[PDB]
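There are 10 protein chains.
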Amino acid sequence: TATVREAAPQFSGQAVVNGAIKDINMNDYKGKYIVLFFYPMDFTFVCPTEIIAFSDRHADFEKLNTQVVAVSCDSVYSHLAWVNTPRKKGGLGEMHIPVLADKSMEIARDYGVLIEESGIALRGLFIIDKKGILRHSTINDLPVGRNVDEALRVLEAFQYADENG
Amino acid sequence: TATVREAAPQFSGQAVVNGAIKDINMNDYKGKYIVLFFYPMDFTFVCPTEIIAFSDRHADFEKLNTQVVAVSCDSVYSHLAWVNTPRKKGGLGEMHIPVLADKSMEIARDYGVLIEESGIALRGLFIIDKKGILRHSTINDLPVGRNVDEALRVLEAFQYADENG
Amino acid sequence: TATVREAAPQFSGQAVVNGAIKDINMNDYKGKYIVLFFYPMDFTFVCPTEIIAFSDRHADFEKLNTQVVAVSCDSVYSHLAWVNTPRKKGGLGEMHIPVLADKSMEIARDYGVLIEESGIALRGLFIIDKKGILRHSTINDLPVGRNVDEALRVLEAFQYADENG
Amino acid sequence: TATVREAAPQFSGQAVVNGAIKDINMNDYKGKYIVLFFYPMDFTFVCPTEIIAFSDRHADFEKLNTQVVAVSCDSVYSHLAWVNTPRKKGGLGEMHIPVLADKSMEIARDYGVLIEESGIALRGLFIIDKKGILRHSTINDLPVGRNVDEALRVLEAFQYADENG
Amino acid sequence: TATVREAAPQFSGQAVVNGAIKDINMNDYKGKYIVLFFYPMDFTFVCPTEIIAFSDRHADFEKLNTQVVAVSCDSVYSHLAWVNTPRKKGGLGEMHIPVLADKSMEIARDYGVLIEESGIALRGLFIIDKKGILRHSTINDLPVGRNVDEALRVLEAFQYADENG
Amino acid sequence: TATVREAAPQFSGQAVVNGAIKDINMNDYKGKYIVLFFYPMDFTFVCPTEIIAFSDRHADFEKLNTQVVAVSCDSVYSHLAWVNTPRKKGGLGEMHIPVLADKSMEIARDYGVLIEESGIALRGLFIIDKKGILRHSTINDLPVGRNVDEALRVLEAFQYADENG
Amino acid sequence: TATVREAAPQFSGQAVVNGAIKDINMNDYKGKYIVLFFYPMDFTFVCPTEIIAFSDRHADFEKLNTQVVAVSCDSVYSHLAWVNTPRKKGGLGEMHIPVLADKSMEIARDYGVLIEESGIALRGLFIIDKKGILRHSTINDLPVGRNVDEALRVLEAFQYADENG
Amino acid sequence: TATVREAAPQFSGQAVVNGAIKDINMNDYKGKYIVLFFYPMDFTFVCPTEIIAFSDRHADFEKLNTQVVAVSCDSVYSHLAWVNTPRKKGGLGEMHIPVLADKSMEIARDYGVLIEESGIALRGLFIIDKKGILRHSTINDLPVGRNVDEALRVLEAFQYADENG
Amino acid sequence: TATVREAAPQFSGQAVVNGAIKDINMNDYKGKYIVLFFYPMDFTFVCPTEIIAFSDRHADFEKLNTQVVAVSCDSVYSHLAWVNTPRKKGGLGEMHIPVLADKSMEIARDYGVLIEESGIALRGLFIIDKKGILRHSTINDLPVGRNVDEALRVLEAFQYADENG
Amino acid sequence: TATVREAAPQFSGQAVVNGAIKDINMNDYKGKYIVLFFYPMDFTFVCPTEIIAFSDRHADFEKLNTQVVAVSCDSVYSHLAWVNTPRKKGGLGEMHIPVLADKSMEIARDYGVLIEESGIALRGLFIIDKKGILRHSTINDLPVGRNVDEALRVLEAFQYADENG
């Protein structure tokens with residue numbers, strides 16, 4: 001699937017950036033670290049705390065030369081639907097990262113986070129080096145959400161270590 | 001996959017009946033004809049004409065001892081989301097049939113309507129005999145929607161022919 | 001066999017057009033939609049209602065830039081025999097579409113309508129795009145016959161959607 | 001397929017005896033020699049000389065304790081159709097042998113006379129011993145028809161040799 | 001083995017023509033119909049009625065542009081031995097056709113008449129077209145011998161049909 | 001290897017607890033969450049910051065009903081050697097967790113963190129549920145070390161979610 | 001095939017003893033050494049020197065508790081034919097050993113003397129122990145015939161060595 | 001292995017000619033018949049009667065343009081040892097043929113005389129034509145030794161038949 | 001083959017003990033260490049220094065509860081021959097260990113010392129524990145012979161370590 | 001693995017020479033005999049007697065044109081750690097040979113001394129010829145250590161025999 005010290009698998013699909021469908025490849029973010037951020041499904045009963053917590057902290061990822069690509073196995077019309085759902089109605093509201101649609105579940109399968117029996121992704125966070133290789137693989141089972149200071153600490157750290165050692 | 005004169009493959013999953021998730025098996029509708037009605041994806045830019053046209057005409061399927069199970073490869077939270085979307089906002093509104101969630105795309109694969117490259121279903125309509133065997137297989141490519149008088153004519157006809165000959 | 005969104009399989013054989021054998025390939029109707037119309041066998045005890053209902057309505061298919069190719073797994077001598085059988089004797093009479101003979105059952109096998117145990121075709125209707133790809137697949141089990149207004153509605157619709165969207 | 005000195009393969013299907021469909025198995029003629037007589041297809045432009053020449057000489061096969069089962073790869077409705085076609089119109093007329101319908105082409109395949117490319121049978125004549133084993137295999141290519149005095153000579157001969165030696 | 005409508009397999013071996021060994025290939029008789037005539041073995045207790053009946057009627061095969069090649073699975077020394085055996089001592093006497101020795105049983109295996117358990121040939125008669133393809137396949141089990149008027153009727157018939165139709 | 005939502009693979013080997021070799025199985029910690037903590041190799045030139053940071057914070061893992069099992073692919077004599085190396089000499093000093101020796105590299109292979117070319121483990125942290133299934137999989141490439149507040153946050157969280165939801 | 005120090009393969013077939021067909025198995029000569037004596041074919045142009053030289057010296061094999069079974073790949077009717085051919089006409093005349101017919105060439109194949117391309121046997125002589133195992137294997141290519149004093153010397157010798165050592 | 005009518009397998013190894021090791025290939029004796037003479041092993045308790053009987057009669061093989069190559073599966077030091085053992089001490093004494101050492105048992109395996117369970121050769125005598133093909137294969141089981149007048153008779157005979165016929 | 005820490009393969013064959021053939025199995029020396037001592041071949045031009053150096057020092061192996069089994073791939077008649085060769089003639093003379101004959105080269109193959117191309121053994125020394133497992137594997141290429149004080153040192157050492165540790 | 005008379009497998013890895021990591025290939029010592037000296041693991045409770053006994057006697061290996069490469073399956077940081085451990089604390093102290101780190105256990109696997117279940121090497125000593133082929137293979141099970149006078153005797157001996165014979 002997606003070994004850490006090997007090359008990250010390619011992702012490509014219709015994302016939602018700034019309220020519209022953009023059909024984004026991984027190669028659009030060449031020269032950047034990638035933070036590939038799988039959340040399980042759209043429109044959930046729980047409040048989308050971690051993806052709003054990444055979209056609000058998107059400046060901290062623009063400063064570290066990286067792009068957070070939030071992936072789900074849902075179709076891009078549902079992504080565009082709950083980005084356009086107001087945040088007080090359980091929706092996202094303002095969303096400032098590519099909400100990538102892995103409707104064929106090829107990206108979630110290649111990153112080992114696909115729950116094949118239920119067709120959704122594990123709560124996953126993958127930090128791809130700007131050489132294209134994976135470097136970090138935080139995979140949570142469906143309850144526990146990811147944290148943004150954890151991703152920023154590891155992200156940077158990879159930045160400082162790729163600079164010096 | 002799903003040959004006509006052979007037995008229909010089983011479907012089982014979390015549907016949306018009357019505004020909530022019901023976790024419906026095919027065996028819930030034993031003794032009925034099944035009209036398994038694949039629409040491609042949720043929240044589309046086109047108005048959902050054919051599924052509203054089946055949900056409004058659900059009495060014509062209750063009279064012919066059959067159940068229309070509208071399937072999509074989307075998750076049940078998106079189904080519950082756009083059933084609960086008001087109909088003037090491009091949504092469904094009142095939905096009076098099981099909106100079955102084939103999120104693992106196992107039902108759409110078994111019925112040969114799965115578009116594996118894009119993870120959605122072909123516009124499909126399958127009439128399963130109440131012996132469990134398939135009898136009718138109307139599969140459209142993604143533009144052309146199904147009609148309800150066509151399904152009622154074929155449905156009945158199968159009813160009259162299973163009665164007499 | 002014959003997937004919808006894929007390319008339609010080629011058909012080629014001795015048909016009956018206007019009372020004689022013509023040895024017709026699919027490529028004779030390039031640039032047209034094809035309505036490949038499987039009826040099960042010749043000389044049946046039931047009256048041939050659906051094939052007479054397509055042959056009488058052949059102008060409605062000439063207007064929509066399509067050709068209805070009625071196929072059976074019977075040999076072309078039986079096709080020529082019951083086209084030449086008068087219509088009051090249970091026969092066809094005037095027949096204004098290619099009555100294609102799939103005696104080797106290669107066309108009915110490639111279109112998934114061959115009942116291999118009995119050597120006949122399912123009641124099938126397939127609408128091939130004039131790019132050669134299939135678009136529509138109406139397969140009935142042997143009782144219920146096809147309707148012509150259904151085929152005209154779907155046919156057109158494919159016409160309007162291939163024009164605009 | 002059907003070796004001579006081995007056991008003849010079983011045949012079973014809907015025949016036409018005395019103007020109706022009878023659904024005849026090989027086991028109906030246990031204790032008799034079988035003369036399994038493949039003619040290629042129904043309603044041919046040539047006059048059906050050999051099958052009328054066997055049906056008129058059916059008493060010579062009733063006297064030698066054998067049954068001539070005329071087989072074609074056509075369906076039983078075409079068989080019933082051209083038995084009921086008057087003999088001056090190129091048809092059979094009176095037909096006094098089982099006109100067996102091998103529409104699935106399983107009998108013609110098991111007897112090695114199936115022309116798989118065209119779906120018809122070779123002009124074949126097979127004399128099965130009343131032990132069920134084959135004894136004689138006259139296979140003609142499609143021009144040259146079988147003769148009845150040849151079949152009677154070989155038939156008998158098998159009769160005299162199975163009696164004495 | 002030797003299908004009718006396909007090409008006949010090649011035969012080549014030491015025959016006995018006019019009292020001596022000639023080492024005859026099939027290609028020696030190019031441009032002729034071949035009547036390949038398997039008799040089971042030499043020096044049998046029964047009188048060799050059918051091979052004397054072909055050798056005496058060899059003019060009727062020279063007139064129809066064909067060559068009767070009598071084959072057995074015996075060696076050419078036994079063939080030369082019982083051609084040279086006088087006819088009143090159970091032998092052949094005058095023999096006016098190639099008595100081909102299939103001692104390796106390669107010709108009888110390729111023509112499907114080899115009885116592999118006993119190493120002899122079935123009583124077989126095969127009419128090869130002068131295009132080299134088989135056209136006729138009369139195979140008898142070991143009791144019943146072939147007739148010469150049957151072979152002449154079928155032979156001719158193939159001649160008239162290859163001329164006209 | 002070690003999928004998250006599946007069962008964690010078993011680990012068993014000679015660890016170093018409190019300055020001696022204990023030969024510890026996974027089943028010794030049944031009824032606890034496991035925090036399986038791969039560090040790459042012993043005696044490294046970098047200061048062992050993360051394993052001292054887990055051993056000093058071992059009370060925070062004893063309070064959350066879990067056991068941190070620090071694994072390396074080094075032998076237990078090297079583990080006992082650099083636990084017994086004083087901390088000012090680049091060593092561990094006080095070590096309050098099982099320093100498990102995966103010298104056969106079977107535990108690191110089963111947890112997907114084995115770098116097979118160099119025989120060491122990726123910087124990995126795996127949180128096994130006390131049902132024995134994996135729940136969390138933090139894998140770093142060799143530069144970036146793990147953090148203890150991250151493991152405590154995720155650990156707990158799994159604790160609160162396994163309690164309630 | 002037939003290794004020496006292993007068990008001899010079984011032979012069984014229609015032989016010619018004293019002027020008639022006897023259908024002889026190997027088990028008829030249990031408790032005897034067997035001298036299985038392949039000569040190539042019947043009715044040869046060369047005088048049958050070695051088989052007459054064994055049949056005239058048959059008393060020397062009856063005295064050493066052995067049976068010479070002369071085998072050829074010819075049929076038993078040819079064997080009976082040239083045993084009954086007078087010796088001045090190139091034939092055998094008096095023949096005092098089983099002239100075994102290996103017409104299916106199963107005995108010559110099992111004894112490795114079958115020339116598969118020409119269907120005859122190598123000039124072979126095999127001495128089977130009365131335990132059933134082979135002990136001696138003299139195989140000549142087709143020119144050079146076997147000698148009887150050689151077979152008697154080896155035969156005996158096997159007799160004296162099986163007695164003492 | 002070593003079929004008679006096929007080509008003899010090559011032999012090559014360290015022989016003993018005239019009291020020393022010579023490393024002899026089969027190609028050293030091109031243009032000669034070869035008499036490849038396997039004896040089982042060296043230094044046996046029985047007196048080496050047959051190999052002394054060939055070495056003393058070596059002039060009778062030099063006159064017939066052949067070379068007797070005595071082979072054993074023993075090493076060339078044992079061959080040189082019991083050629084140099086005096087003949088009254090159970091040894092060979094004067095040895096006038098190549099005593100070939102098949103210590104790897106490749107020559108005895110290729111000539112089918114290797115007893116694989118005990119690593120020795122069967123008492124074998126093989127006459128290779130000077131075209132390189134085998135012609136004669138006398139294989140004895142371990143008791144009965146070969147005779148020299150038998151080998152000379154067969155040898156010659158092959159000589160006279162290769163001259164004339 | 002023969003791994004050290006695994007079980008030693010069984011050896012069994014005709015040895016030479018005290019001037020005669022004894023047919024010795026490995027199980028004859030159960031409860032002893034085995035020193036399996038491969039020397040390459042018999043009667044070599046070099047003086048047999050190492051095997052005489054083991055046979056003269058056999059008391060030092062009787063004292064350490066072990067048995068030195070000198071193996072070669074030569075037959076037991078050559079072993080008996082050069083044990084009976086006087087020592088001033090390049091022979092062994094007094095030989096006080098089992099000179100085991102691995103003529104089938106099954107023992108040398110199982111102990112990995114067989115040189116398969118030349119059929120001899122590598123100069124090998126294997127110390128089997130009296131549990132039957134191998135413990136020591138000294139394999140030399142053909143020049144350099146084994147030493148007896150080396151084998152005694154390692155042997156003992158295994159003795160002291162199997163006693164204590 | 002590593003056969004004696006075949007070519008030695010290549011070794012390459014980070015060694016410890018004179019207190020630092022050198023990343024040494026086998027090709028660094030081309031033109032020398034190699035003494036590849038596997039000891040099982042680092043920091044053992046037993047005193048490292050054999051590796052100190054080789055490092056102190058390194059002049060005796062520099063004089064015989066050979067290099068002793070002490071290998072273990074431990075990582076090079078542990079090797080550098082216990083070379084730098086003082087010898088009175090159970091460590092090595094002065095170490096005058098390449099302490100090669102086979103952390104991936106590829107060298108110990110290729111030399112057949114890897115104990116795969118425990119990930120350590122057997123006590124092994126391998127003398128590679130300066131042609132690169134192996135010549136000597138002393139493998140001990142884990143108790144019994146190697147001796148230096150044994151290695152020097154065999155080493156030389158290989159030296160004298162590669163000079164003369």
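Chains as they are written, first to last, in the working numbering: chain A, 1 to 165; chain B, 1 to 165; chain C, 1 to 165; chain D, 1 to 165; chain E, 1 to 165; chain F, 1 to 165; chain G, 1 to 165; chain H, 1 to 165; chain I, 1 to 165; chain J, 1 to 165.
Yeah, the Cβ is synthetic: ideal placement off N, Cα and C, and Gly gets one too.
Discussion item. Which of the three DSSP states is assigned to E/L80 in this structure?
Written reply: Position 80 of the fifth sequence holds residue 80 of chain E. The answer is helix: DSSP assigns E/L80 an H, G or I state.
Fill in: When F/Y39, F/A20, F/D23 are compared against F/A121, the one with the closest alpha-carbon
As a first step, residue 121 of chain F is located in the sixth sequence; it is residue number 121 there, counting from the start. Among F/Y39, F/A20, F/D23, the Cα nearest to that of F/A121 belongs to F/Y39.
Item to complete: Measure from the C-beta of C/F11 to each C-beta in chain D and report whether the shortest distance is under 8 Å.
Response: On the third sequence, residue 11 of chain C is found 11 positions in, with the first residue counted as 1. Cβ-Cβ to chain D under 8 Å: no for C/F11.
Worksheet item: Can you find a CB in chain E that lies within less than 8 Å of the CB of G/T44?
Response: As a working note, residue 44 of chain G is residue 44 in the seventh sequence. Cβ-Cβ to chain E under 8 Å: yes for G/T44.
Practice prompt. Using beta-carbon positions only, say whether C/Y111 and C/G119 come within less than 8 Å of one another.
Written response: On the third sequence, position 111 is the one that residue 111 of chain C refers to. On the third sequence, position 119 is the one that residue 119 of chain C refers to. Their beta carbons are not under 8 Å apart, which means C/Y111 does not touch C/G119 by this criterion.
Worksheet item: For chain F, is any of its Cβ atoms less than 8 Å away from the one on J/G165?
Response: Residue 165 of chain J sits at position 165 when you count from the first residue of the tenth sequence. Chain F, which has no Cβ nearer than 8 Å to the Cβ of J/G165, makes this no.
Worksheet entry | As assigned by DSSP and simplified to three states, the class of E/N65 | Stepping through the fifth sequence from its first residue, residue 65 of chain E is reached at position 65. Reduced to three states, the DSSP call for E/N65 is coil.
Worksheet entry | Residue from F/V17, F/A151, F/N27, F/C73 whose Cα sits closest to the Cα of F/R109 | As a position in the sixth sequence, residue 109 of chain F is number 109, starting the count at 1. Closest option to F/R109, Cα to Cα, is F/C73.
Discussion item. Taking the straight line between their C-alpha atoms, what separation do you get for G/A70 and G/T1?
Written reply: In the seventh sequence, residue 70 of chain G corresponds to position 70, counting from 1. In the seventh sequence, residue 1 of chain G corresponds to position 1, counting from 1. Whole-angstrom Cα-Cα distance: 19 Å.
Discussion item. Any C-beta of chain D within less than 7 Å: which residues of the stretch 122 to 155 of chain E qualify?
Written reply: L122, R135, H136, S137, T138, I139, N140, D141, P143, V144, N147, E150, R153, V154
Worksheet entry | Contact residues within the stretch 54 to 84 of chain G, judged by C-beta distance below 8 Å to chain E | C73, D74, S75, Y77, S78, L80, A81, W82
Worksheet item: For C/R5, which option in C/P48, C/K131, C/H58 has the closest C-alpha, if you only look at C-alpha atoms?
Response: Numbered from its first residue, the third sequence carries residue 5 of chain C at position 5. Per the Cα distances, C/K131.
Item to complete: Could you tell me whether the Cβ of A/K103 comes closer than 8 Å to any Cβ of chain B?
Response: Against the first sequence, residue 103 of chain A aligns to sequence position 103. Cβ-Cβ to chain B under 8 Å: yes for A/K103.
Item to complete: Give the secondary structure of E/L100 by DSSP, where H, G and I count as helix, E and B as strand, and everything else as coil.
Response: Along the fifth sequence, one-based indexing puts residue 100 of chain E at 100. Strand, per DSSP.
Practice prompt. List the whole-angstrom C-beta distance separating E/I107 from E/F11, where the pair is believed to meet the contact cut-off of C-beta under 8 Å.
Written response: Position 107 of the fifth sequence, counted from the first residue, corresponds to residue 107 of chain E. Position 11 of the fifth sequence, counted from the first residue, corresponds to residue 11 of chain E. Sure, about 4 Å apart at Cβ, within 8 Å.
Worksheet entry | Under 8 Å by beta carbon: chain A residues contacting residue 173 of chain B | Given a span of 1 to 165 for chain B in the structure shown, any question on residue 173 of chain B remains unanswerable.
Worksheet item: Using 8 Å as the limit for Cβ to Cβ distance, is I/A15 near chain J?
Response: As a first step, residue 15 of chain I must be located in the ninth sequence, where it is residue number 15. No, no contact with chain J.
Item to complete: Could you check if G/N65 is buried or exposed, using at least 16 other CB atoms within 10 Å of its CB as the buried criterion?
Response: On the seventh sequence, position 65 is the one that residue 65 of chain G refers to. Per the 10 Å Cβ criterion, exposed.
Worksheet item: For F/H79, which residues from the same chain have a beta carbon less than 6 Å from its beta carbon, with the 5 sequence-adjacent residues on both sides left out?
Response: What you label residue 79 of chain F is simply residue 79 of the sixth sequence in a count that begins at 1. Cβ within range, chain order: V16, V99, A101.
Worksheet item: Which one or two residues does DSSP pair with D/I51 in a beta bridge?
Response: Taking the first residue of the fourth sequence as 1, we reach residue 51 of chain D at position 51. Answer is none; D/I51 lacks a bridge partner.
Practice prompt. Provide the residue(s) that pair with F/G13 in DSSP beta bridges, ordered along the chain.
Written response: Taking the first residue of the sixth sequence as position 1, residue 13 of chain F is located at position 13. Paired residues: F/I24.
Worksheet item: Is C/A7 close to chain B, meaning its C-beta is less than 8 Å from at least one C-beta of that chain?
Response: Residue mapping note: residue 7 of chain C aligns to position 7 of the third sequence, counting from 1. No, its Cβ sits nowhere closer than 8 Å to a Cβ of chain B.
Practice prompt. State the Cα-Cα distance for the pair H/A81 and E/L114, rounded to the nearest angstrom.
Written response: For the purposes of this step, residue 81 of chain H is identified with residue 81 of the eighth sequence, where counting begins at 1. For the purposes of this step, residue 114 of chain E is identified with residue 114 of the fifth sequence, where counting begins at 1. Roughly 59 Å separates the two Cα atoms.
Worksheet item: When you compare each of A/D149, A/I127, A/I34 to A/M26 by their alpha carbons, which one comes out closest?
Response: Position 26 of the first sequence, counted from the first residue, corresponds to residue 26 of chain A. The option with the nearest alpha carbon to A/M26 is A/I34.
Item to complete: Could you check if J/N147 is buried or exposed, using at least 16 other CB atoms within 10 Å of its CB as the buried criterion?
Response: For the purposes of this step, residue 147 of chain J is taken as residue 147 along the tenth sequence, with counting starting at 1. With 16 or more other Cβ atoms within 10 Å, it is buried.
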